[PDB]
Ligand SMILES: COc1cc2nc(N3CCN(C(=O)c4ccco4)[C@H]4CCCC[C@H]43)nc(N)c2cc1OC
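Residue numbers (our numbering): 528 to 965.
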């Protein structure tokens with residue numbers, strides 16, 4: 528029994544990973560939509576409800592599961608087992624009925640690319656969410672009233688098992704009937720996305736991108752919960768109590784997968800072909816192509832294998848037109864590569880005054896430092912880009928900024944015999960003494 532020690536850490540790390548994504552991850556998903564007015568979209572309305580269901584499990588289902596394993600058989604069915612039988616179904620029924628609202632929203636979204644925005648608003652989204660909880664409560668808390676008094680002979684309050692009238696009636700209303708709607712709708716979405724993808728406004732690639740991310744979510748839920756919900760009806764015609772325990776735990780694990788799916792899935796950058804196409808267009812300075820590619824569904828914030836985005840390479844290669852349209856198409860102006868360089872670092876290096884001003888105008892980090900601690904002022908001062916050094920200082924660039932090698936933008940100007948820049952950087956440093964000078 529030497530493995531008993533190693534099993535603790537392995538399970539503990541997996542349970543720690545779960546809690547992290549399931550509680551913190553979901554709260555962060557909720558807060559991102561809650562504190563951004565531009566992110567309050569009907570699709571984002573359903574994922575907040577999906578995160579609320581995962582959160583509601585963690586606080587009202589897992590405590591009962593944790594209390595069982597830790598303390599043992601303090602399993603007082605009359606109350607204890609009735610609450611976290613009821614709460615368990617409620618959360619699961621809420622989750623799958625939310626995925627029904629998603630599966631339908633995504634068919635309305637994919638099929639009707641330019642019609643959807645008007646069709647589905649915040650008002651129509653709240654009603655769909657409202658319905659889910661009204662149904663979910665009836666489906667979950669129904670049986671707890673319908674079957675009021677405990678059975679004679681063979682009661683199983685504190686067991687997943689029961690008679691066929693519950694095993695089928697519950698599993699139908701809580702899984703299979705919802706599953707039918709989902710699979711039928713995401714089967715319909717499946718073929719429309721190919722039919723319009725073969726045939727082919729960016730709207731289709733914004734909503735077929737959305738349909739793909741959420742399709743993974745829908746699949747991972749089905750994959751997680753099918754094993755349990757296969758075994759409840761199938762038992763009536765099998766599994767030990769210890770078998771049911773891991774099948775439920777598998778279902779619970781899904782609560783952490785959603786935040787992970789949103790961090791781990793590339794679908795906006797799913798078109799590896801269309802993604803690397805834009806990265807090249809923006810670098811080569813091909814305004815016609817970049818505009819066309821963006822309009823055809825190309826991700827503005829595509830990450831290179833090194834970490835460079837189209838805005839990086841555009842700022843580097845000195846293509847002002849592409850920098851403007853990228854920003855105009857919602858480009859991360861403070862995008863970082865592996866060493867932390869932003870497009871302003873690159874614009875500063877290659878001496879493009881036009882782009883440095885445009886980046887700053889669009890809210891670029893003037894003092895943004897890379898892993899070495901090198902700021903855009905370090906690079907502009909190093910190569911003799913005096914116009915950029917002045918623009919940078921004007922936007923409040925820090926002259927005292929130091930890299931890992933202890934070198935400051937002034938030092939680099941001196942060490943490259945840049946007399947003009949060194950004077951402007953030395954003057955800039957005595958700014959605090961010009962409180963006395965009016
Ligand atoms: C996700 O959907 C469902 C979840 C459900 N969860 C329970 N639980 C949760 C905890 N259980 C066990 O751990 C467990 C281990 C072995 C048998 O049960 C049992 C036993 C203790 C009391 C609550 C029970 N009971 C249901 N009847 C149930 C029904 C569901 O849909 C039809």
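Beta carbons are placed, not taken as given, at the ideal position from N, Cα and C, and that holds for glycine.
Query                                                                                                            : Result
Cβ contact check for the segment 895-915 and the segment 866-878: 3 or more pairs under 8 Å                      : yes
CB-CB length for residue 941 against residue 928, believed under 8 Å                                             : At roughly 15 Å, the Cβ-Cβ gap does not stay under 8 Å, so residue 941 and residue 928 are not in contact.
At least 3 beta-carbon pairs within less than 8 Å: the segment 780-795 vs the segment 703-722                    : no
beta-carbon residue 772 near ligand 1 non-hydrogen atom, thresh 7 Å                                              : yes
Residue 665 CB to nearest heavy atom of ligand 1 below 7 Å                                                       : no
Ligand 1 heavy atom lying under 7 Å from the CB of residue 611                                                   : yes
Buried versus exposed call for residue 532 [16 or more other C-beta atoms within 10 Å across all chains shown]   : exposed
Where the alpha helix (DSSP H) containing residue 605 begins and where it ends                                   : Segment: none, residue 605 is in no alpha helix (DSSP H) and carries neither H nor E.
Segment contact flag, the segment 676-685 with the segment 750-762, C-beta cutoff 8 Å, min 3 pairs               : no
Sub-8 Å separation of residue 834 and residue 860 beta-carbons                                                   : no
Residue 851 beta carbon less than 8 Å from that of residue 883                                                   : no
Cβ-heavy atom distance, residue 597 to ligand 1, below 7 Å                                                       : no
Sequence-distant residues of its chain with Cβ nearer than 6 Å to residue 771 (five each side left out)          : 687
Which of helix, strand or coil DSSP assigns to residue 779                                                       : helix
beta-carbon residue 759 near ligand 1 non-hydrogen atom, thresh 7 Å                                              : yes
Proximity test, residue 775 beta-carbon vs ligand 1 heavy atom, cut-off 7 Å                                      : yes
Sub-8 Å separation of residue 582 and residue 553 beta-carbons                                                   : yes
C-beta contact flag for residue 838 and residue 820 at 8 Å                                                       : no
Pair within 8 Å by beta-carbon distance, residue 827 and residue 719                                             : no
Whole-number beta carbon distance between residue 625 and residue 580, since they are thought to touch under 8 Å : 7 Å
Status (buried if at least 16 other CB within 10 Å, exposed otherwise) for residue 774                           : buried
The segment 560-574 touching the segment 584-603, judged by at least three CB pairs closer than 8 Å              : no
Segment contact, 8 Å Cβ cut-off, at least three pairs: the segment 616-631 with the segment 663-670              : yes
Where residue 800 falls, given that 16 or more other Cβ within 10 Å makes a residue buried                       : exposed
Beta-carbon separation (whole angstroms), residue 629 vs residue 646, contact threshold 8 Å                      : Rounded, the Cβ-Cβ distance is 15 Å, inconsistent with contact.
Which listed residue (791, 795, 844 and 945) has its alpha carbon closest to that of residue 812                 : 844
Host alpha helix (DSSP H) of residue 590 (start-end)                                                             : 589-598
Distance cut-off 7 Å: residue 615 Cβ against heavy atoms of ligand 1                                             : yes
Straight-line Cα distance separating residue 746 from residue 655                                                : 21 Å
The segment 918-938 contacting the segment 947-965, beta-carbon criterion three pairs below 8 Å                  : yes
Of the listed residues 945, 729, 809 and 896, nearest to residue 868 (C-alpha basis)                             : 896
Residue 682 Cβ short of 7 Å to ligand 1 heavy atom set                                                           : no
Beta-carbon proximity of residue 913 to residue 864, cut-off 8 Å                                                 : no
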